[PDB]
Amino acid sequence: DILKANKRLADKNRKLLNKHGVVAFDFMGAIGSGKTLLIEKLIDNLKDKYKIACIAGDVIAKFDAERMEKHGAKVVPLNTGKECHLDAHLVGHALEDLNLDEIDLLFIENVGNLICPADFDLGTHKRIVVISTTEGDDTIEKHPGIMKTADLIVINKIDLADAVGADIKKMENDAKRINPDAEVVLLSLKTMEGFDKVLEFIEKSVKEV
């Protein structure tokens, strides 16, 4: 079984991160939802207080790895080929290329996709799902599985909602109905509205481990 084998490696990964005092976050989303830009902003705001590392996973991982690196983060690129999602196996090897005693926060950018990364625990402490208004306001209700795995649901690009005809209150209500336990934040990474709430989720999650 592939799912049993993943959970095994996820717990192993999580055990290793805890040993070295690292708090890890899994950033999932659709394609272009805003994962990298969110991580970029988080690095800029948190790097004074925390030592931050990133794992950037995509077909061509260099695009986002380089985007993260310039913000002052240690970054491990992971070329994911035709895989729909990152897994605890690939993440485990990425952790071997990190000095976890010189790192406090780990931001993992998962492959852009709303089906597959649901079911694949990477060994992180929290999971963030970033969707955007430009995907249409049915995007949350159309993908309940992944939404239920989220600790934070980010509804990004609120500044473009009217232009696509997206109802952001519908999206907010959909997220809360499908996952009552998750935090839900309305965000624009352009205007920065709602960014303080995402930052707060990160900071609290770290202190709660």
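From 1 onward, residues are counted along the sequence shown.
- Just going by the entry, 36 to 44 versus 58 to 66 on mean CA temperature factor gives the higher value to 58 to 66.
- The deposited model assigns a higher average Cα B-factor to 77 to 85 than to the other stretch when 108 to 116 and 77 to 85 are compared.
- Among the modelled residues of its chain, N99 has a C-alpha B-factor that falls in the highest third according to the deposited record.
- Annotation for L16: C-alpha temperature factor in the highest third relative to the rest of the modelled chain, per the entry.
- Among the modelled residues of its chain, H93 has a C-alpha B-factor that falls in the middle third, as given in the PDB entry.
- The PDB entry assigns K49 a C-alpha temperature factor belonging to the highest third of its chain's modelled residues.
- In the PDB entry, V22 places in the middle third of its chain by CA B-factor.
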